[PDB]
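The chain that follows stands alone, in the form deposited in one PDB entry, written as structure tokens.
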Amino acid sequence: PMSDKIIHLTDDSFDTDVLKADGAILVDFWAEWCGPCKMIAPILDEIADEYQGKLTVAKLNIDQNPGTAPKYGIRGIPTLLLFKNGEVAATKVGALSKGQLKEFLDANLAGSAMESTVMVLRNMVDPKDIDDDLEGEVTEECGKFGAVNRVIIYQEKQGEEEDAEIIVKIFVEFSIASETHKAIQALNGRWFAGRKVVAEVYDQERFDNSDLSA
């Protein structure tokens, strides 16, 4: 309609309006006396209209609602935080052009540029349980979903301390992304020997370059 599309936040409403909201929320920490906050105000109005159905813009006045911004380490204003499903997806400090704002939003609302052929299985086994048959077992089990190119049993130390925990990531590379997708949908969230497995895509370019750190 001819009405205000911005959500006007308070400290009391921040949790339900921002953290529990559906879809992406762009939060602007601002104040009435703030020059650059006024300068981006009409940009945010246009964004709220042009990104309707894809993004909600919200504003928290930090004079009238002083409790929330320090919990996010806000310093200068305006500061923009992009939230999705209760996570902070991106931050941007200070004023910016509409073109810069649209690139900041497009690059962070985008998602992935490609469905990967590589699946990673997390929380599946401990290092003590690894043996020489594990790679072959994963290969035969994941053959139910498609052609398996390669399986990597990767052990990763979780920190610099001597006693740091070691976790296992099992990488399964399929021949084409449609196979990877079937395996992920069928296995993600399933329980295996008392453990809830996470099965998800793993960045293909990283994997192709022997970067198994993600």
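From 1 onward, residues are counted along the sequence shown.
Asker: With respect to the recorded C-alpha B factors, which stretch has the higher mean value, 2 to 10 or 203 to 211?
Answerer: Result: 2 to 10.
Asker: Determine, for stretches 96 to 104 and 77 to 85, which one has the higher mean CA B-factor as deposited.
Answerer: The entry gives the higher C-alpha B-factor average to 96 to 104.
Asker: Going by the deposited entry, which of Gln64, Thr180, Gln52, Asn149 has the highest CA temperature factor?
Answerer: The C-alpha B-factor peaks, among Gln64, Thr180, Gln52, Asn149, at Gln52.
Asker: According to the Cα B-factor stored in this entry, which of the following is highest: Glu32, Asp28, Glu165, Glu173?
Answerer: Of the candidates given, the C-alpha B-factor peaks at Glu165.
Asker: For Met114, does the deposited CA B-factor place it in the lowest, middle or highest third of the chain?
Answerer: Answer is middle: the recorded C-alpha B-factor places it there.
Asker: What third of the chain, by the recorded C-alpha B-factor, contains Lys169?
Answerer: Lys169: CA B-factor falls in the middle third of its chain.
Asker: State the tercile, meaning the lowest, middle or highest third, of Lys157 with respect to the CA B-factors recorded for its chain.
Answerer: Its C-alpha B-factor, which the entry lists for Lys157, ranks in the highest third among residues of this chain.
Asker: According to the PDB entry, is the CA B factor of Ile43 in the bottom, middle or top third of its chain, that is, lowest, middle or highest?
Answerer: It falls in the top third of the chain.
Asker: Against its chain's modelled residues, does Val125's Cα B factor rank lowest, middle or highest third?
Answerer: Top third by C-alpha B-factor.
Another form exists, deposited in another entry; not displayed. Remarks below refer to it.
Asker: Where is the hinge, among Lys71, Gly189, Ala110, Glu160, for the turn of one rigid part against another between the shown form and the other one?
Answerer: From the list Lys71, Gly189, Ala110, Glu160, the one at the hinge is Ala110.
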